[PDB]
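Heads up, the chain below is alone and in the form deposited in one PDB entry; it's given as C-alpha cells.
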C-alpha cells in the first residue's frame, strides 16, 4: 500500500522531435495486445496488424460463440503462416461476473435527480422510472446504506438508502436516460459472484486449453484465492498457461500485492476501474500497479481508451498520445487496443501510431538511470540467477551490445533479464513452444524456437546467425549470451566473418 513511483528519466533532443523515425515498427520494445473483432477478421488485415506491431491477439469472450472465436483463431493461424518470424501470443479474456439491470416496460426510462429508485432482485419484473430489476441476487446483502451504485457505464449514480431481502431503495443522484440490460458497478463493495462461471469454465477447458492459448486474462479478480481457483482449474493440462488477473475494482486494489504474488502478470482494466474508483484516481492506480509489477519482475498490460478517439478518427488526440507515451515511460510491458482494433474504422492506423509512439517514448528513456533505480529499489539478497541476469544487462549497456541472448526452457532466465530493462533486445531461445509464445508479454523480449537436446554453443552460434539474417546484429557487434540458469554463465561474443 505504498509505492515510490519514479518515471524513467527521459532525455529529449531536438533531433528526436524533428527527425523522422525510419525503423521497423516490430523493432519496438513495448508489445501491443490487439483485440480481434469484425474490423480485423480478414487474414489480409491480420497480416497488416502483424506488420504494424501486433504481438498478442486478445479473444474477448464477453461476446461471441466458440465457433466465432475458432474461425478468428484459424484466420490468425493463416496470418501467422505468412509471417513465420513474428510469433504471436494468444490471450483469452474471460467474460467473468457481470451485473446488469433488467428490462423496461417502455424500453427507456428517464431517471430524475433527487427522486428515488427501487432495485429488485426479481430479474423478471418489467421496470419503470421507479423500480428496476438487478441481475445480482445478493445485491441487498452486499451494499449498505450510503453505498453508491453506478448504472449504464456510470451515467447514473444512486445512493443506497434502505436494504431489504429482495430489493434495495436508492436516491437518484443525477438525471439521465437509460435503456435495458445496462451494466452496473458497486464501488467499494466486494462482488459475491463466481470468478469463473460454468460459461467461463467451458471457455477455458474447451477453448483455451485445446486451442493452445497462452494467457488467460481473468476479468474482475478480487483476491489471491480467485487466482488459485483458476490455477487449480487449469490443472496439469493447462499448467503452462499464464494467468493475468484484470484489476477492475477496489477489492483488486486492496489485495493487489497478494493477487500479484499468485499471478503471472497484471492487466489494468482502466475503463472498468474508473467506474469503481473516481476517474481522477485511475492514473494513481496505473502508476502504482506498474511500479509494483516492475519491482517484482511481473509483466503488466495497460488497457482501455489509450487511442479511443481513433475508433472514428484516423489521428488521435494530444491526450491519447501522451497516454500511450506516458504508459511506456511509466514502465508498462504492453499497451492494449480494444475497440480501436475490434470494431473501429482505422485498426491498422491505430496499431501503427501506437507502435510509433512506443518507439518515440522508448528512445528518450535514460537506461543507465532506469537500471540504477531498479537496482536501488530491490531487496539486497538476490539469487545467483538474478545476479547473473543483472550482470548481462549491465555488461550489455557498458559495451553497447546489440543483443542479450538468453537460453531458457521455462522462460525464467529471459524474465529475470527483462526485469532489469536493457536498452537492447533480449533474444530468448527455447525448445518449448509454450515458452516461445508466453514470453511475448514481457517488454523487449523476442523469441526463437530451437530444437531440444542441443549443445549450448551450437544453439548460441545458430542464434547469432539467425540474428544476422534478421538484421538484429551485424559484424563487429558484441552480444551477451547467458545460460545455465550449478553453473550460471555470462559470455560476451563478438560477431565476425
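Only the largest set of C-alpha atoms that superpose within 1.5 Å between the two forms is called the rigid core. Positions refer to the first chain, counted from 1.
The form deposited in another entry exists for this protein as well; it is not shown, and the discussion that follows is about that form.
- Only 157, out of 157, 296, 311, 423, shows a C-alpha shift of 2 Å or more between the shown form and the other one on alignment of the rigid core.
- A shift of at least 3 angstroms pushes the Cα atoms of residue 189 and residue 289 further from each other in the other form than in the displayed structure.
- In the other form, the CA atoms of residue 339 and residue 107 come closer by at least 3 angstroms compared with the shown structure.
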